[PDB]
Amino acid sequence: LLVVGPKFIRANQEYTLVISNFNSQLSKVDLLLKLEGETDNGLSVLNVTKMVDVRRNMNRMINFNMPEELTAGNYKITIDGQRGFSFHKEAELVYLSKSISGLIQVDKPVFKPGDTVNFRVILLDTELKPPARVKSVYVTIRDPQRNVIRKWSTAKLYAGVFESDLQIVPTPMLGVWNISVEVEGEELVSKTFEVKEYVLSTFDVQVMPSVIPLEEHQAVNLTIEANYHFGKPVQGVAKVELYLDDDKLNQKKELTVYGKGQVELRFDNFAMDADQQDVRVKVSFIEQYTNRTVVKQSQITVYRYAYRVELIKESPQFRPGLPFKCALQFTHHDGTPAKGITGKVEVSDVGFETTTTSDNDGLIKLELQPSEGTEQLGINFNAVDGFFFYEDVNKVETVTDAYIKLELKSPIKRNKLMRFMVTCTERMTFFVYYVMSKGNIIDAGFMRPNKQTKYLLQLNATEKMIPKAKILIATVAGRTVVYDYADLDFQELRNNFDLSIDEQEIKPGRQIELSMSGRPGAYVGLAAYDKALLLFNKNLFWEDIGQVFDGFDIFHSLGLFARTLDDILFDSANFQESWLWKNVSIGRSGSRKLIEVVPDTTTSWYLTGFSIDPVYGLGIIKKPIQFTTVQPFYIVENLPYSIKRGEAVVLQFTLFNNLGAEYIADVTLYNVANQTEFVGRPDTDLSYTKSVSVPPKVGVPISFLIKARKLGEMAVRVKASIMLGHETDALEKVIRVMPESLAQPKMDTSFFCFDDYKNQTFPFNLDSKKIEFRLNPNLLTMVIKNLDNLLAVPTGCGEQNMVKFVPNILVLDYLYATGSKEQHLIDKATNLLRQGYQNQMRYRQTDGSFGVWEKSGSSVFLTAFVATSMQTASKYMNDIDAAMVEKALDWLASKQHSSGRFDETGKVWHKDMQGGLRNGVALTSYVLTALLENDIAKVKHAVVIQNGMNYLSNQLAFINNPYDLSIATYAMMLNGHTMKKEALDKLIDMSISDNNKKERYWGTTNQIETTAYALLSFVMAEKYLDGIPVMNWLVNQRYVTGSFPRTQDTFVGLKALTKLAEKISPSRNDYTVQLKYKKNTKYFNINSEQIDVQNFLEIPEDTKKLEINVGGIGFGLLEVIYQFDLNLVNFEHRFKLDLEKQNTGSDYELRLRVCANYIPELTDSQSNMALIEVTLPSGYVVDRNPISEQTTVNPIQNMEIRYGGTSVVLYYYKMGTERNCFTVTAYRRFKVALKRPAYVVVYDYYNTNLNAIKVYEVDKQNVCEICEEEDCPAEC
Ligand SMILES: *[C@@H]1O[C@H](CO)[C@@H](O[C@@H]2O[C@H](CO)[C@@H](O)[C@H](O)[C@H]2NC(C)=O)[C@H](O)[C@H]1NC(C)=O
Ligand SMILES: *[C@@H]1O[C@H](CO)[C@@H](O)[C@H](O)[C@H]1NC(C)=O
Ligand SMILES: *[C@@H]1O[C@H](CO)[C@@H](O)[C@H](O)[C@H]1NC(C)=O
Ligand SMILES: *[C@@H]1O[C@H](CO)[C@@H](O)[C@H](O)[C@H]1NC(C)=O
Ligand SMILES: *[C@@H]1O[C@H](CO)[C@@H](O)[C@H](O)[C@H]1NC(C)=O
Ligand SMILES: *[C@@H]1O[C@H](CO)[C@@H](O)[C@H](O)[C@H]1NC(C)=O
Ligand SMILES: *[C@@H]1O[C@H](CO)[C@@H](O)[C@H](O)[C@H]1NC(C)=O
């Protein structure tokens, strides 16, 4: 017996099991079949038991109809033999839930921080068409901590394809991410992608023979190449050591390498023993200024002959008895075919001997004929010049050595006859055939040849075979089963997509014509990967879709299982990038030719492309189109990130020439907008050109000596060209020109609100500096035109990093409230809200809470804030992990005391908020505030709230601190408490009033916050008019961006301001602003209250008084922004900072010892979350981990190396009197002369006034110590 059926079952699938009786002992065979099944629960699902007789020399096809109600578990078919026949074999069956399978394509395997992950999702049914059932999917992407960063709740498919993207933020969560698609609630497919940060001063060296060495050369030529992980070439010295005879030193050369270098190593006498001898070469690369060394060793092979030979076998093994063709490929050492090598090829095992010469294509073709008994084939080649080559060819792993071959003798048209040619070793009594389509046996048959070896098998192509089917033939020779498969693909009914390149060569930077043809109106999905990108990461989506295009067990591959008798056996006969993420339609007729620009870069490409027609299904190209591009010539910069005014700077560059010859290069550094003064040249010079000879495959330096003129951003503009201008390259890089001192701009603000036509005159005493006047028709115009960066301070902590999140909610809040017709803004804010969400997930802890730090530092304050913060944002973005919020609110709820009180579990970094020294009134009121602002949260946690509101009620007459009370009041105001009015009046009673200014604030330490909470409660209690003097103060405390100086104040402040201005600003703006100063009078007009992005500058020169006349109806802010360039000088206020530059014994290394401690006062003996910034003198750069000597009194909770290693930021928890110290290690990596001094700063985060700055000087170098001979002044 031969029992064969599918190995898979489906809900409503037929199961046709085909039994063949060739056993001739009996005249019939009686069989019992049981197909049992059991769910994962343990419930019995299947007990379909059938009995049948299979007569001699025929087939019986059995159908098992499957119950619609199948669920995954444990299934198997059992063919046990009844009556007089001893037979019992069984085979386990798998459940396939879906009639569809899916594919996730991603443009890269790994991503650098600021990248955009691109993905396609492809759904295909069992016919390789787009599923007519499924219209959309459910795609979510999770970060390395499983957080739901994005989500497509209803991702509509087009031609079974969903295309989308995801931006990885500036400072993201590193590791493995997880795209996962879901259909009808069941996960269909899942792909991972990685995110790694490629920083550090770590570099790689490679050594290779520039030309494959011959014995005849008596010399080794080398290419030495050292690049940083960044992609930039390394400058340094290469120490070369060559070893000809074992570990005995033969030679030592040294060369300065600028990324790429050539070295020649000559020998005295080198006679080899064989025709190939290895040579060990050690290279030691010493990084230019640090002296950091990387050693690379390699075995460089030397050869006797100028050619090598390989054997091009038609197949890896020969079938004994059948002609085995092959050839010898003669390859020149690196390159051509060896056209004309004479020799004799000898295969003794067939008795074949030929003396010939390699042809034009460099080949000698062997068409051997091994007989029935041939073990190995000894292909031996001996040449007239003595060259020797022998490689053995072995026979196919003969499980039988008696085969059956099936050959489809004509094209497979639908309905038309299918003709096949069966060839078999034995004279056949019988053969079986089976036909699979859509995972089940469609047709079978017991064919009986008349003791023949050949049979012309003729079958009708039925409709159940459309469009992809597969036929399988089997028979018995001896007591072993032999078989063969054949593909039955109706080409006339399938997607015949093809993609091609032009008949021209591919030049990097130039454009190429892509010619593709296929089904009209079909979807096409192009992608091009860097072949080097498919390195350690893929070694790849293409194989999966290649595998999905069609279909060593040739049954389990055909989707079947096979059983036979106990004595019968089975046979077995066997810089970088990402570009061209396009998707096009075949359209018009039968081909669409898209035209594209090849990236200007030295890289090996890999170009794929699939196609999906709604009718015709999937199409694919065979091998991905593959080429490489070598950019002829390019320049590479090596520039400091920041320089100061009046320092002399060497801008280094490196030219690479990849052309055949050595050509002179011109490099021209341009003076863009008076930015750049070339040292020793007339100031009116617009450019400066130098010219250098550049050898092939060698890096050559070229530098310019400059000093910066204007502050801000210096554009470093360079054009280059070799070979008379035939090959050009240019770069547009930027060095940032910093002031000498830590500059901080002040901004005085006035606001007007006129409902009825009103004239008024606002004076502005301006009392070195530069001034700018701004009129802004909305609180948020300055804010939104700054969103992505609102604060002058770093924000690398859980609380601070919310500036990327919260301000966006509030800007979205307002725009929807007022019903803004400026969708243009809403878009920016909504986009930034999402990226803000992702950024913040980095501060999620394991227990569901949020912490001040990435790894540690869990916090109650923060958890309340972040949790409820997100709950609000939910109405503006789909992507929020709804349960993740709930689980964060639940962590919070449990942390409450029995009184209803909340304490901060973990260190104190925001004192007024996290201080328990005042009944924890602050934190309690805050947490209650957070819960109350969300309708879901208010109901779900109502019991926790009720306990808190009572704790406040019992505390109300006891609260005597303005901060605490302001929130307690806000809580009650939101709550709708009975004692709300009381609370607010007790707050009002604490207010500082200045009637000679129309200002009202709430005092001591955290004024901006307290006052904001206060105003919120006002607007709540409809005290709008009384809120106007409150606002007047707040608006005047704003930072230049439109926000407030710090994090929290911004958050509560902007909230307060928008809230009042919602209820006080007139429905229509129609007014004129007259600006009188010095001599001039400027005029501004506002007539559309609508528009937000609406800028009104004017730069007053250093004048005296300033007089503004507002006339009409509307809202407005009159801002006057003083910006300061001051002298850099030491200052201390309630912090004591000290600097000491320890000795290193190297000019090219700075180590600075820094010491900072808080100066206490009265009850205040400890600071808030304190940061230290370290600025380096121009040219210096900090390494990977530049900090050492760290004190354990107060430990650095977080480090931030920003600004291309110019600045190190150091987050502490707090500072006491106990000295907190460390030591920075920087390296002078750029030539900068006349260096102006740097500084270190310590500050309290949430208290502006408490800070300390200390200046320090490094050896300020001179112009002569730095200039190249051409640019040098006479004094050298
Ligand atoms: C290429 O794929 C994109 C999906 O990114 C398809 O663009 C969508 O087209 C439909 C109409 O067919 C629109 O309703 C969507 O708004 C489009 N989405 C986007 C993001 O623009 C497009 O169908 C595909 N094919 C071609 C030829 O452009
Ligand atoms: C299944 O049903 C058949 C016939 O109805 C019976 O003979 C057999 O015992 C049953 N098997 C199981 C495992 O329940
Ligand atoms: C190796 O390079 C050196 C220097 O460029 C040259 O003298 C020699 O001809 C080269 N050898 C070969 C085999 O190209
Ligand atoms: C298949 O083709 C036609 C269907 O109309 C039929 O007449 C013929 O008998 C069939 N059989 C074979 C063996 O081709
Ligand atoms: C170039 O820069 C400075 C800007 O402070 C200015 O004083 C100087 O006159 C400028 N020169 C020209 C030609 O604009
Ligand atoms: C406002 O000022 C203008 C011009 O100075 C003056 O004519 C007028 O009295 C004022 N107008 C109103 C409507 O108050
Ligand atoms: C590196 O070696 C050079 C050799 O001149 C020396 O000047 C310098 O002091 C060394 N730097 C360090 C960091 O050891």
# chains A, B, ... in the order shown; residues from 1 in each chain; ligands from 1
>>> residues_near_ligand(ligand="ligand 2", cutoff="8 Å", atoms="only C-alpha atoms and all ligand atoms", output="PDB file with N, CA, C and O atoms, in the first residue's frame")
ATOM      1  N   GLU A  36      -9.298  11.271  14.051  1.00  0.00           N
ATOM      2  CA  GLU A  36      -9.686  11.844  15.345  1.00  0.00           C
ATOM      3  C   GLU A  36      -9.074  13.214  15.634  1.00  0.00           C
ATOM      4  O   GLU A  36      -8.015  13.553  15.111  1.00  0.00           O
ATOM      5  N   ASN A  47     -14.302  12.332  15.148  1.00  0.00           N
ATOM      6  CA  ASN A  47     -14.370  10.871  15.252  1.00  0.00           C
ATOM      7  C   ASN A  47     -14.954  10.270  13.967  1.00  0.00           C
ATOM      8  O   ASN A  47     -15.731   9.309  14.007  1.00  0.00           O
ATOM      9  N   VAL A  48     -14.575  10.852  12.827  1.00  0.00           N
ATOM     10  CA  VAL A  48     -14.976  10.348  11.512  1.00  0.00           C
ATOM     11  C   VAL A  48     -14.233   9.046  11.188  1.00  0.00           C
ATOM     12  O   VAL A  48     -13.059   9.068  10.793  1.00  0.00           O
ATOM     13  N   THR A  49     -14.921   7.920  11.390  1.00  0.00           N
ATOM     14  CA  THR A  49     -14.379   6.586  11.118  1.00  0.00           C
ATOM     15  C   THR A  49     -15.058   5.965   9.893  1.00  0.00           C
ATOM     16  O   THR A  49     -16.282   5.817   9.864  1.00  0.00           O
TER      17      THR A  49
END
>>> closest_atom_pairs(of="chain A", to="ligand 1", cutoff="12 Å", atoms="only C-alpha atoms and all ligand atoms", output="JSON lines")
{"residue": "A:118", "atom": "CA", "partner": "ligand 1", "partner_atom_place_in_ligand_line": "5 (O)", "distance": 10.4}
{"residue": "A:119", "atom": "CA", "partner": "ligand 1", "partner_atom_place_in_ligand_line": "5 (O)", "distance": 9.9}
{"residue": "A:120", "atom": "CA", "partner": "ligand 1", "partner_atom_place_in_ligand_line": "5 (O)", "distance": 8.6}
{"residue": "A:121", "atom": "CA", "partner": "ligand 1", "partner_atom_place_in_ligand_line": "4 (C)", "distance": 10.6}
{"residue": "A:122", "atom": "CA", "partner": "ligand 1", "partner_atom_place_in_ligand_line": "2 (O)", "distance": 11.7}
{"residue": "A:155", "atom": "CA", "partner": "ligand 1", "partner_atom_place_in_ligand_line": "4 (C)", "distance": 10.6}
{"residue": "A:156", "atom": "CA", "partner": "ligand 1", "partner_atom_place_in_ligand_line": "14 (O)", "distance": 9.0}
{"residue": "A:157", "atom": "CA", "partner": "ligand 1", "partner_atom_place_in_ligand_line": "4 (C)", "distance": 8.7}
{"residue": "A:158", "atom": "CA", "partner": "ligand 1", "partner_atom_place_in_ligand_line": "23 (O)", "distance": 6.3}
{"residue": "A:159", "atom": "CA", "partner": "ligand 1", "partner_atom_place_in_ligand_line": "23 (O)", "distance": 8.4}
{"residue": "A:160", "atom": "CA", "partner": "ligand 1", "partner_atom_place_in_ligand_line": "23 (O)", "distance": 10.7}
{"residue": "A:161", "atom": "CA", "partner": "ligand 1", "partner_atom_place_in_ligand_line": "2 (O)", "distance": 7.8}
{"residue": "A:162", "atom": "CA", "partner": "ligand 1", "partner_atom_place_in_ligand_line": "4 (C)", "distance": 6.4}
{"residue": "A:163", "atom": "CA", "partner": "ligand 1", "partner_atom_place_in_ligand_line": "5 (O)", "distance": 4.4}
{"residue": "A:164", "atom": "CA", "partner": "ligand 1", "partner_atom_place_in_ligand_line": "5 (O)", "distance": 6.0}
{"residue": "A:165", "atom": "CA", "partner": "ligand 1", "partner_atom_place_in_ligand_line": "5 (O)", "distance": 9.1}
{"residue": "A:520", "atom": "CA", "partner": "ligand 1", "partner_atom_place_in_ligand_line": "27 (C)", "distance": 11.5}
{"residue": "A:521", "atom": "CA", "partner": "ligand 1", "partner_atom_place_in_ligand_line": "27 (C)", "distance": 8.6}
{"residue": "A:522", "atom": "CA", "partner": "ligand 1", "partner_atom_place_in_ligand_line": "27 (C)", "distance": 8.6}
{"residue": "A:523", "atom": "CA", "partner": "ligand 1", "partner_atom_place_in_ligand_line": "25 (N)", "distance": 6.2}
{"residue": "A:524", "atom": "CA", "partner": "ligand 1", "partner_atom_place_in_ligand_line": "25 (N)", "distance": 7.6}
{"residue": "A:525", "atom": "CA", "partner": "ligand 1", "partner_atom_place_in_ligand_line": "1 (C)", "distance": 7.9}
{"residue": "A:526", "atom": "CA", "partner": "ligand 1", "partner_atom_place_in_ligand_line": "1 (C)", "distance": 10.2}
{"residue": "A:581", "atom": "CA", "partner": "ligand 1", "partner_atom_place_in_ligand_line": "1 (C)", "distance": 10.1}
{"residue": "A:582", "atom": "CA", "partner": "ligand 1", "partner_atom_place_in_ligand_line": "1 (C)", "distance": 7.6}
{"residue": "A:583", "atom": "CA", "partner": "ligand 1", "partner_atom_place_in_ligand_line": "1 (C)", "distance": 4.8}
{"residue": "A:584", "atom": "CA", "partner": "ligand 1", "partner_atom_place_in_ligand_line": "27 (C)", "distance": 4.0}
{"residue": "A:585", "atom": "CA", "partner": "ligand 1", "partner_atom_place_in_ligand_line": "27 (C)", "distance": 4.4}
{"residue": "A:586", "atom": "CA", "partner": "ligand 1", "partner_atom_place_in_ligand_line": "27 (C)", "distance": 8.2}
{"residue": "A:587", "atom": "CA", "partner": "ligand 1", "partner_atom_place_in_ligand_line": "27 (C)", "distance": 8.5}
{"residue": "A:588", "atom": "CA", "partner": "ligand 1", "partner_atom_place_in_ligand_line": "27 (C)", "distance": 11.9}
{"residue": "A:592", "atom": "CA", "partner": "ligand 1", "partner_atom_place_in_ligand_line": "27 (C)", "distance": 10.6}
{"residue": "A:594", "atom": "CA", "partner": "ligand 1", "partner_atom_place_in_ligand_line": "27 (C)", "distance": 11.3}
{"residue": "A:611", "atom": "CA", "partner": "ligand 1", "partner_atom_place_in_ligand_line": "25 (N)", "distance": 11.0}
{"residue": "A:612", "atom": "CA", "partner": "ligand 1", "partner_atom_place_in_ligand_line": "25 (N)", "distance": 10.9}
{"residue": "A:613", "atom": "CA", "partner": "ligand 1", "partner_atom_place_in_ligand_line": "25 (N)", "distance": 11.7}
>>> write_last_selection(atoms="C-alpha atoms", output="compact mmCIF listing (two decimals), in the first residue's frame")
# COMPACT_ATOMS: atom_id res chain seq x y z
CA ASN A 118 9.26 52.02 6.20
CA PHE A 119 7.04 48.98 6.00
CA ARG A 120 4.64 47.29 3.60
CA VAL A 121 2.09 44.68 4.67
CA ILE A 122 1.04 42.18 2.00
CA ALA A 155 -5.45 49.93 8.03
CA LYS A 156 -7.21 49.76 4.66
CA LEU A 157 -5.63 47.47 2.06
CA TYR A 158 -5.16 48.39 -1.59
CA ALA A 159 -4.57 45.36 -3.85
CA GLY A 160 -3.90 43.52 -0.59
CA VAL A 161 -1.14 45.97 0.33
CA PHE A 162 -0.83 48.41 3.23
CA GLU A 163 1.98 50.95 3.07
CA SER A 164 3.04 53.15 6.01
CA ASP A 165 5.89 54.60 8.08
CA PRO A 520 -2.30 46.53 -16.57
CA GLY A 521 -3.48 48.39 -13.45
CA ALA A 522 -1.53 46.09 -11.11
CA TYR A 523 0.26 47.32 -7.99
CA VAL A 524 4.07 47.30 -8.11
CA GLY A 525 6.30 47.51 -5.01
CA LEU A 526 9.90 48.56 -5.64
CA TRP A 581 11.02 52.89 -1.90
CA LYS A 582 8.57 53.55 -4.71
CA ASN A 583 5.25 51.93 -5.59
CA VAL A 584 3.89 52.33 -9.10
CA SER A 585 1.05 51.08 -11.36
CA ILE A 586 1.56 49.31 -14.72
CA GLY A 587 -1.29 51.46 -16.09
CA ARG A 588 -1.84 52.48 -19.73
CA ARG A 592 5.27 51.53 -17.18
CA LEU A 594 9.75 54.92 -14.32
CA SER A 611 3.49 43.08 -8.23
CA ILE A 612 -0.07 42.36 -7.08
CA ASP A 613 -3.10 42.42 -9.40
>>> residues_around(residues="stretch 368-382 of chain A", least_positions_apart="4", cutoff="8 Å", atoms="only C-alpha atoms", output="JSON, numbers by chain")
{"A": [320, 321, 322, 323, 324, 325, 326, 343, 344, 345, 346, 347, 348, 349, 350, 352, 386, 387, 388, 389, 390, 391, 392, 393, 394, 395]}
>>> residues_near_ligand(ligand="ligand 5", cutoff="8 Å", atoms="only C-alpha atoms and all ligand atoms", output="compact mmCIF listing (two decimals) with N, CA, C and O atoms, in the first residue's frame")
# COMPACT_ATOMS: atom_id res chain seq x y z
N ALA A 673 27.72 85.18 2.82
CA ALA A 673 27.19 86.29 3.61
C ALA A 673 28.14 86.77 4.70
O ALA A 673 27.81 86.71 5.89
N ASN A 674 29.34 87.22 4.30
CA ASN A 674 30.31 87.87 5.20
C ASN A 674 30.69 87.04 6.45
O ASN A 674 31.36 87.55 7.36
N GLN A 675 30.28 85.78 6.48
CA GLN A 675 30.52 84.89 7.62
C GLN A 675 32.00 84.61 7.86
O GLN A 675 32.48 84.62 8.99
N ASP A 683 39.53 91.09 3.37
CA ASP A 683 38.21 90.79 3.94
C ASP A 683 37.09 90.74 2.92
O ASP A 683 36.05 90.12 3.15
N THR A 684 37.31 91.40 1.79
CA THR A 684 36.32 91.49 0.73
C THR A 684 36.35 90.26 -0.17
O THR A 684 35.55 90.16 -1.11
N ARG A 709 33.19 85.56 11.67
CA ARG A 709 32.81 86.96 11.84
C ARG A 709 31.49 87.15 12.60
O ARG A 709 31.48 87.65 13.74
N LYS A 710 30.39 86.75 11.97
CA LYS A 710 29.07 86.86 12.57
C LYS A 710 28.76 85.63 13.44
O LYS A 710 29.19 84.52 13.11
>>> residues_near_ligand(ligand="ligand 4", cutoff="12 Å", atoms="only C-alpha atoms and all ligand atoms", output="ChimeraX atom specification")
/A:414-419,445,456-463
>>> write_last_selection(atoms="N, CA and C atoms", output="PDB file, in the first residue's frame")
ATOM      1  N   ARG A 414      -5.397  26.165 -19.756  1.00  0.00           N
ATOM      2  CA  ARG A 414      -6.651  25.827 -19.084  1.00  0.00           C
ATOM      3  C   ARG A 414      -7.602  25.103 -20.039  1.00  0.00           C
ATOM      4  N   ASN A 415      -8.307  24.098 -19.517  1.00  0.00           N
ATOM      5  CA  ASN A 415      -9.233  23.256 -20.296  1.00  0.00           C
ATOM      6  C   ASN A 415      -8.569  22.314 -21.302  1.00  0.00           C
ATOM      7  N   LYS A 416      -7.532  22.803 -21.988  1.00  0.00           N
ATOM      8  CA  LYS A 416      -6.760  22.004 -22.948  1.00  0.00           C
ATOM      9  C   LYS A 416      -6.065  20.818 -22.274  1.00  0.00           C
ATOM     10  N   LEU A 417      -5.682  19.831 -23.078  1.00  0.00           N
ATOM     11  CA  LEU A 417      -5.015  18.636 -22.573  1.00  0.00           C
ATOM     12  C   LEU A 417      -3.627  18.960 -22.021  1.00  0.00           C
ATOM     13  N   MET A 418      -3.238  18.236 -20.980  1.00  0.00           N
ATOM     14  CA  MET A 418      -1.889  18.319 -20.445  1.00  0.00           C
ATOM     15  C   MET A 418      -1.140  17.049 -20.819  1.00  0.00           C
ATOM     16  N   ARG A 419       0.008  17.210 -21.474  1.00  0.00           N
ATOM     17  CA  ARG A 419       0.824  16.068 -21.881  1.00  0.00           C
ATOM     18  C   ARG A 419       2.118  16.000 -21.075  1.00  0.00           C
ATOM     19  N   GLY A 445      -4.680   8.975  -9.774  1.00  0.00           N
ATOM     20  CA  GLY A 445      -4.904   7.881 -10.715  1.00  0.00           C
ATOM     21  C   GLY A 445      -3.868   6.777 -10.672  1.00  0.00           C
ATOM     22  N   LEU A 456       3.292   8.189 -22.098  1.00  0.00           N
ATOM     23  CA  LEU A 456       2.783   9.537 -22.382  1.00  0.00           C
ATOM     24  C   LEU A 456       1.472   9.797 -21.631  1.00  0.00           C
ATOM     25  N   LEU A 457       1.599  10.396 -20.447  1.00  0.00           N
ATOM     26  CA  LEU A 457       0.473  10.657 -19.549  1.00  0.00           C
ATOM     27  C   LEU A 457      -0.345  11.882 -19.974  1.00  0.00           C
ATOM     28  N   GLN A 458      -1.632  11.670 -20.239  1.00  0.00           N
ATOM     29  CA  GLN A 458      -2.515  12.730 -20.736  1.00  0.00           C
ATOM     30  C   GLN A 458      -3.655  13.010 -19.754  1.00  0.00           C
ATOM     31  N   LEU A 459      -3.752  14.257 -19.293  1.00  0.00           N
ATOM     32  CA  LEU A 459      -4.782  14.656 -18.330  1.00  0.00           C
ATOM     33  C   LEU A 459      -5.472  15.952 -18.737  1.00  0.00           C
ATOM     34  N   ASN A 460      -6.751  16.078 -18.386  1.00  0.00           N
ATOM     35  CA  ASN A 460      -7.510  17.308 -18.630  1.00  0.00           C
ATOM     36  C   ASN A 460      -7.298  18.333 -17.524  1.00  0.00           C
ATOM     37  N   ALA A 461      -6.920  19.548 -17.910  1.00  0.00           N
ATOM     38  CA  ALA A 461      -6.732  20.632 -16.953  1.00  0.00           C
ATOM     39  C   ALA A 461      -8.084  21.118 -16.443  1.00  0.00           C
ATOM     40  N   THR A 462      -8.460  20.666 -15.248  1.00  0.00           N
ATOM     41  CA  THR A 462      -9.757  21.017 -14.666  1.00  0.00           C
ATOM     42  C   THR A 462      -9.721  22.381 -13.972  1.00  0.00           C
ATOM     43  N   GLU A 463     -10.906  22.916 -13.679  1.00  0.00           N
ATOM     44  CA  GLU A 463     -11.051  24.233 -13.060  1.00  0.00           C
ATOM     45  C   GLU A 463     -10.538  24.284 -11.616  1.00  0.00           C
TER      46      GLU A 463
END
>>> closest_atom_pairs(of="chain A", to="ligand 7", cutoff="8 Å", atoms="only C-alpha atoms and all ligand atoms", output="CSV")
residue,atom,partner,partner_atom_place_in_ligand_line,distance
A:289,CA,ligand 7,1 (C),6.2
A:290,CA,ligand 7,13 (C),5.0
A:291,CA,ligand 7,1 (C),5.0
A:1144,CA,ligand 7,13 (C),7.7
A:1145,CA,ligand 7,9 (O),6.4
A:1146,CA,ligand 7,9 (O),3.8
A:1147,CA,ligand 7,9 (O),5.9
A:1148,CA,ligand 7,13 (C),5.8
A:1149,CA,ligand 7,13 (C),5.5
A:1227,CA,ligand 7,13 (C),7.8
>>> residues_near_ligand(ligand="ligand 3", cutoff="7 Å", atoms="only C-alpha atoms and all ligand atoms", output="PyMOL selection string")
chain A and resi 211+213+217+221+264
>>> write_last_selection(atoms="N, CA, C and O atoms", output="short mmCIF file (atom, residue, chain, number, x, y, z; two decimals), in the first residue's frame")
data_model
loop_
_atom_site.label_atom_id
_atom_site.label_comp_id
_atom_site.auth_asym_id
_atom_site.auth_seq_id
_atom_site.Cartn_x
_atom_site.Cartn_y
_atom_site.Cartn_z
N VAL A 211 46.92 44.76 -5.42
CA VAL A 211 46.98 43.83 -6.55
C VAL A 211 47.43 42.47 -6.03
O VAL A 211 48.38 42.38 -5.24
N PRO A 213 49.30 39.43 -5.28
CA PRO A 213 50.75 39.32 -5.42
C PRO A 213 51.18 38.06 -6.15
O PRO A 213 50.65 36.97 -5.90
N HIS A 217 56.65 38.92 -8.64
CA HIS A 217 56.73 40.31 -8.19
C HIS A 217 57.83 40.54 -7.20
O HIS A 217 58.47 41.60 -7.21
N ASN A 221 51.97 44.72 -2.51
CA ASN A 221 51.34 46.04 -2.55
C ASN A 221 50.06 46.04 -1.72
O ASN A 221 49.24 45.13 -1.85
N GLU A 264 54.01 49.87 -0.50
CA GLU A 264 54.74 48.86 -1.23
C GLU A 264 55.74 48.20 -0.28
O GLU A 264 56.48 48.89 0.43
#
>>> residues_near_ligand(ligand="ligand 6", cutoff="9 Å", atoms="only C-alpha atoms and all ligand atoms", output="list in words")
residues 757, 758, 759, 760, 1109, 1110, 1111 and 1112 of chain A
>>> select_by_dssp(residues="stretch 105-300 of chain A", states="strand (DSSP E)", output="number ranges by chain")
A: 105-106, 110-111, 116-125, 136-142, 148-156, 161-167, 175-183, 186-195, 203-209, 219-228, 235-243, 251-258, 260-266, 276-287, 293-300
>>> residues_around(residues="residue A:773", least_positions_apart="4", cutoff="7 Å", atoms="only C-alpha atoms", output="ChimeraX atom specification")
/A:1097-1100,1119-1121
>>> atom_distance(atom1="atom CA of residue A:243", atom2="atom CA of residue A:288")
25.9 Å
>>> closest_residue(among="A:1139, A:179, A:396, A:630", to="residue A:507", atoms="only C-alpha atoms")
A:630
>>> atom_distance(atom1="atom CA of residue A:1266", atom2="atom CA of residue A:226")
24.7 Å
>>> residues_around(residues="residue A:1256", least_positions_apart="4", cutoff="6 Å", atoms="only C-alpha atoms", output="list in words")
residues 1237, 1238 and 1239 of chain A
>>> write_last_selection(atoms="N, CA, C and O atoms", output="CSV table (one decimal), in the first residue's frame")
chain,number,residue,atom,x,y,z
A,1237,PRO,N,38.3,81.6,26.3
A,1237,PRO,CA,38.0,80.7,27.5
A,1237,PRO,C,36.6,80.1,27.5
A,1237,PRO,O,35.7,80.6,26.9
A,1238,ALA,N,36.6,78.9,28.1
A,1238,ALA,CA,35.3,78.2,28.2
A,1238,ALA,C,34.8,78.3,29.7
A,1238,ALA,O,35.4,79.0,30.5
A,1239,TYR,N,33.7,77.7,30.0
A,1239,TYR,CA,33.1,77.7,31.3
A,1239,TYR,C,32.4,76.4,31.8
A,1239,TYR,O,32.1,75.6,30.9
